[PDB]
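Visitor: Take this structure first; my questions come after.
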Amino acid sequence: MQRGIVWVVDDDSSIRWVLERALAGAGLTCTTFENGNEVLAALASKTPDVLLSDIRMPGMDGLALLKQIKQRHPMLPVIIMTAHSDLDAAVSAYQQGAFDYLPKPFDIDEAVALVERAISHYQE
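Sequential numbering from 1 applies to the sequence shown in the authors' numbering.
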């Protein structure tokens, strides 16, 4: 009848709180994690219609390696998050670790509306 989920992982200060508030109000069913580690192993199990990824820690991270990212989410939208340099996310996050990206302190609509395009990105 109705489907659509939004996942978000961060630990800034209270973004995922506003992100999950704009993401949930853009589809349905939304969640929020800390680093998004467990989410990884929880991505190859459930896997919503989309997910975020803002951090910079090993073991998981967005682009990180490149393999685990595959299975975990080969086509699934996992966007990304991280300013400064990111020549790796400017490639691996362009056709692998998410085709989307949320660099700099984007906005809500600009963030949510960015997820709405990643969701439909699935349907040719």
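We treat Cβ as the ideally placed atom computed from N, Cα and C, and that holds for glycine.
Closest to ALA44 by CA distance: which of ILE15, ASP54, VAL78, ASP12 is it?
Guide: Residue mapping note: residue 44 aligns to position 44 of the sequence shown, counting from 1. Taking only the C-alpha atoms, the option nearest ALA44 is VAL78.
Visitor: Measuring CB atoms only, is the stretch 58–68 touching the stretch 18–31, in the sense that at least three cross pairs come out at less than 8 Å?
Guide: The stretch 58–68, when compared against the stretch 18–31, does not touch it at the 8 Å Cβ threshold.
Visitor: Could you give the first and the last residue of the continuous alpha helix (DSSP H) run that contains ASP109?
Guide: Within the sequence shown, residue 109 is the residue found at index 109, counting from 1. It spans 109–119 - the alpha helix (DSSP H) in which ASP109 sits, taken as one unbroken run.
Visitor: Can you tell me whether DSSP reads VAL6 as helix, strand or coil?
Guide: As a first step, residue 6 must be located in the sequence shown, where it is residue number 6. It is a strand residue.
Visitor: Using three-state DSSP, classify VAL18 as helix, strand or coil.
Guide: For the purposes of this step, residue 18 is taken as residue 18 along the sequence shown, with counting starting at 1. Here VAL18 sits in helix by DSSP.
Visitor: Am I right that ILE5 and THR29 are in contact with their C-beta atoms under 8 Å? What's the rounded C-beta distance?
Guide: Position 5 of the sequence shown, counted from the start, is the residue given in the question as residue 5. Position 29 of the sequence shown, counted from the start, is the residue given in the question as residue 29. That belief holds up - the Cβ atoms of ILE5 and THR29 are roughly 4 Å apart, short of 8 Å.
Visitor: Express the C-alpha separation of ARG3 and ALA90 in angstroms, rounding to a whole number.
Guide: The sequence position of residue 90 within the sequence shown is 90, counting from 1. The sequence position of residue 3 within the sequence shown is 3, counting from 1. Taking the straight line from one Cα to the other gives about 31 Å.
Visitor: For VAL78, which of helix, strand or coil comes out of DSSP?
Guide: Taking the sequence shown and counting its residues from 1, the one referred to as residue 78 is at position 78. Coil.
Visitor: State the Cα-Cα distance for the pair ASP10 and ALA41, rounded to the nearest angstrom.
Guide: In the sequence shown, the residue the question calls residue 10 occupies position 10. In the sequence shown, the residue the question calls residue 41 occupies position 41. Approximately 17 Å between the Cα atoms of the pair.
Visitor: Would you give the residue range spanned by the alpha helix (DSSP H) that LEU40 belongs to?
Guide: As a working mapping, residue 40 is identified with position 40 in the sequence shown. 37–41 is the extent of the alpha helix (DSSP H) around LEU40.
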